[PDB]
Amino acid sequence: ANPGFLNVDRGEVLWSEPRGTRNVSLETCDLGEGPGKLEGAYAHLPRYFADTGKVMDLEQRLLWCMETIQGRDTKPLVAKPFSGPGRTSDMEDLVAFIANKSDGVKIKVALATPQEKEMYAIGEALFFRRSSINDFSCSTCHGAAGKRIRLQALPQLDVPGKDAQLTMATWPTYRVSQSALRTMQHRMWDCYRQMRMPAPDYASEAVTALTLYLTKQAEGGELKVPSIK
């Protein structure tokens, strides 16, 4: 009854498929819980990785793994990260699969390094940053409780709490009107679009920072993914 499981199943196949110049699968990729360990990984991202010295969200981490473990060139994925009619996205399918291995697990990002603390702070600044021709910031629409834009209820995302827990515990999600499973990368892209901003670069630092800020607000939220909206 939930078409998002079509993506979960394709991501499972991709996880085990040899690719790249090294001709190996992604089965040894470390997503923060140890090489190859899937359960609970999504619930604990974004986080600092010692091998890159960067804070990384899941999609950034998957790109790095493809490049370094697989020797698979990621220019094609980055060029077309979101699926459309007759064209699936390896990134969306892998995210569906990996996020579902955290289904039932409570969100918990520890700000355990100076790099995570700084990335969190950059996310907070981006959240309140008013720019472009409508003067919008994220906080314009998501900074107060119980508001709506037309008949679309707005979650409050600037404080820890039920709204943030419920938002972040339900991505990735099947979006009915789009007939596609979408990830937090697509949500941020769509948010920026609506603010009359340029499109953010896929798997960019800005998106990671915002993701970390939101995920920290969502701490304790029990993942139920893929969702349907």
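A residue's number is simply how far along the shown sequence it sits, counting from 1.
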Can you tell me whether 64-72 has a higher mean C-alpha B factor than 198-206 in this record, or the other way round? 64-72
Taking the recorded C-alpha temperature factors, which stretch has the higher mean, 189-197 or 52-60? 52-60
Looking at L181, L45, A164, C29, which has the highest Cα B-factor in the entry? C29
Tell me which of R150, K101, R87, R130 tops the list for C-alpha B factor in the record. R87
Comparing against every modelled residue in the chain, figure out the third that the C-alpha B-factor of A1 lands in (lowest, middle or highest). highest
For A169, the third of its chain by CA B-factor is the lowest
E116, C-alpha B-factor rank within chain (lowest, middle or highest third): highest
Is the Cα B-factor recorded for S16 in the lowest, middle or highest third of its chain? highest
By the recorded C-alpha temperature factor, relative to the other modelled residues in its chain, which third is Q217 in? middle
